[PDB]
$ cat protein.cif   # mmCIF, C-alpha atoms
data_model
loop_
_atom_site.label_atom_id
_atom_site.label_comp_id
_atom_site.auth_asym_id
_atom_site.auth_seq_id
_atom_site.Cartn_x
_atom_site.Cartn_y
_atom_site.Cartn_z
CA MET P 1 0.00 0.00 0.00
CA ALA P 2 2.06 3.03 -1.07
CA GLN P 3 -0.47 5.35 -2.78
CA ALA P 4 -1.60 8.23 -0.59
CA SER P 5 -5.16 9.59 -0.82
CA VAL P 6 -6.76 12.94 0.06
CA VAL P 7 -8.23 12.68 3.63
CA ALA P 8 -10.38 15.36 5.36
CA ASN P 9 -8.24 17.30 7.80
CA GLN P 10 -11.39 18.81 9.40
CA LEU P 11 -15.16 18.31 9.09
CA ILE P 12 -16.12 19.55 5.64
CA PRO P 13 -19.86 20.54 5.76
CA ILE P 14 -22.14 19.67 2.82
CA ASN P 15 -21.73 22.05 -0.09
CA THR P 16 -18.43 23.58 1.07
CA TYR P 17 -15.89 24.62 -1.57
CA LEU P 18 -12.64 22.95 -0.69
CA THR P 19 -9.66 24.93 0.60
CA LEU P 20 -6.08 23.68 1.10
CA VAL P 21 -6.37 23.63 4.93
CA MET P 22 -9.14 21.00 4.63
CA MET P 23 -7.10 18.29 2.84
CA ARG P 24 -4.22 16.17 4.06
CA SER P 25 -2.48 13.26 2.29
CA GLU P 26 -2.51 9.87 3.96
CA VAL P 27 -1.96 6.22 2.98
CA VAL P 28 -5.37 4.71 3.64
CA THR P 29 -7.39 1.66 2.51
CA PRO P 30 -9.56 1.81 0.30
CA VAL P 31 -7.77 4.33 -1.92
CA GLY P 32 -9.69 7.57 -2.77
CA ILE P 33 -8.70 10.64 -4.85
CA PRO P 34 -4.85 10.55 -5.22
CA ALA P 35 -3.02 13.04 -3.02
CA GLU P 36 -1.29 14.41 -6.12
CA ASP P 37 -4.65 15.94 -7.04
CA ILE P 38 -5.13 18.20 -4.00
CA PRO P 39 -4.19 21.31 -6.21
CA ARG P 40 -7.05 20.75 -8.58
CA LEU P 41 -9.62 20.09 -5.82
CA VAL P 42 -9.34 23.62 -4.52
CA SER P 43 -12.55 25.50 -5.10
CA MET P 44 -14.50 22.39 -6.06
CA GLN P 45 -17.56 21.64 -3.96
CA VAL P 46 -18.32 18.48 -1.99
CA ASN P 47 -21.84 17.01 -2.34
CA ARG P 48 -22.07 15.53 1.17
CA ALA P 49 -20.62 16.16 4.66
CA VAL P 50 -17.13 14.69 5.01
CA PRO P 51 -16.21 13.93 8.66
CA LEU P 52 -12.66 14.51 9.98
CA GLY P 53 -10.40 11.61 8.90
CA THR P 54 -12.68 10.48 5.96
CA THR P 55 -11.02 9.59 2.66
CA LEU P 56 -12.29 11.84 -0.16
CA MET P 57 -13.71 9.65 -2.94
CA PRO P 58 -14.28 10.82 -6.63
CA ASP P 59 -18.08 10.71 -6.21
CA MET P 60 -18.06 13.16 -3.29
CA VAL P 61 -16.67 16.03 -5.36
CA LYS P 62 -18.92 17.89 -7.80
CA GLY P 63 -17.26 18.29 -11.15
CA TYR P 64 -14.42 15.87 -10.36
CA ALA P 65 -13.03 13.77 -13.14
CA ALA P 66 -9.52 12.18 -13.09
#

$ encode --input "protein.cif" --output "structure tokens"
Amino acid sequence: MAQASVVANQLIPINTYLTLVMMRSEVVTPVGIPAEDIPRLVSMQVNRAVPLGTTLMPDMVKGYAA
């Protein structure tokens, strides 16, 4: 397991536009959005509440496509 994913560094309320302070990189299982993509997630909106420590998955971000 060496791929790092984007993990919520704080609670992200439903419909928040993502900022850099909200996303950390962590090696977690299952794998979500690759950590390498944090730059392009800024200003994209989540479509559900993301609790602290939750892995961000592609389906939780509106407009995300990798």

$ residues_around --input "protein.cif" --residues "residue 42 of chain P" --least-positions-apart "4" --cutoff "9 Å" --atoms "all atoms listed in the file" --output "PDB file with C-alpha atoms, in the frame of the given file"
ATOM      1  CA  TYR P  17     -15.890  24.620  -1.570  1.00  0.00           C
ATOM      2  CA  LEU P  18     -12.640  22.950  -0.690  1.00  0.00           C
ATOM      3  CA  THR P  19      -9.660  24.930   0.600  1.00  0.00           C
ATOM      4  CA  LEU P  20      -6.080  23.680   1.100  1.00  0.00           C
ATOM      5  CA  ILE P  38      -5.130  18.200  -4.000  1.00  0.00           C
TER       6      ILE P  38
END

$ atom_distance --input "protein.cif" --atom1 "atom CA of residue 22 of chain P" --atom2 "atom CA of residue 40 of chain P"
13.4 Å

$ resolve_selection --input "protein.cif" --expression "the PyMOL selection byres ((chain P and resi 27-31) around 10)" --output "PyMOL selection string"
chain P and resi 1-7+25-26+32-35+54-57

$ axis_aligned_box --input "protein.cif" --around "segment 40-46 of chain P" --padding-each-side "4 Å" --output "JSON"
{"center_x": -12.7, "center_y": 22.0, "center_z": -5.3, "size_x": 19.3, "size_y": 15.0, "size_z": 14.6}

$ closest_residue --input "protein.cif" --among "P:9, P:16, P:36, P:41" --to "residue 58 of chain P" --atoms "all atoms listed in the file"
P:41

$ atom_distance --input "protein.cif" --atom1 "atom CA of residue 66 of chain P" --atom2 "atom CA of residue 50 of chain P"
19.8 Å

$ atom_distance --input "protein.cif" --atom1 "atom CA of residue 59 of chain P" --atom2 "atom CA of residue 24 of chain P"
18.1 Å

$ resolve_selection --input "protein.cif" --expression "the PyMOL selection byres ((chain P and resi 12) around 6)" --output "PyMOL selection string"
chain P and resi 11+13+49-50

$ closest_residue --input "protein.cif" --among "P:14, P:46, P:8, P:21" --to "residue 60 of chain P" --atoms "only C-alpha atoms"
P:46

$ resolve_selection --input "protein.cif" --expression "the PyMOL selection byres ((chain P and resi 62) around 6)" --output "MDAnalysis selection string"
chainID P and resid 45:46 61 63:64
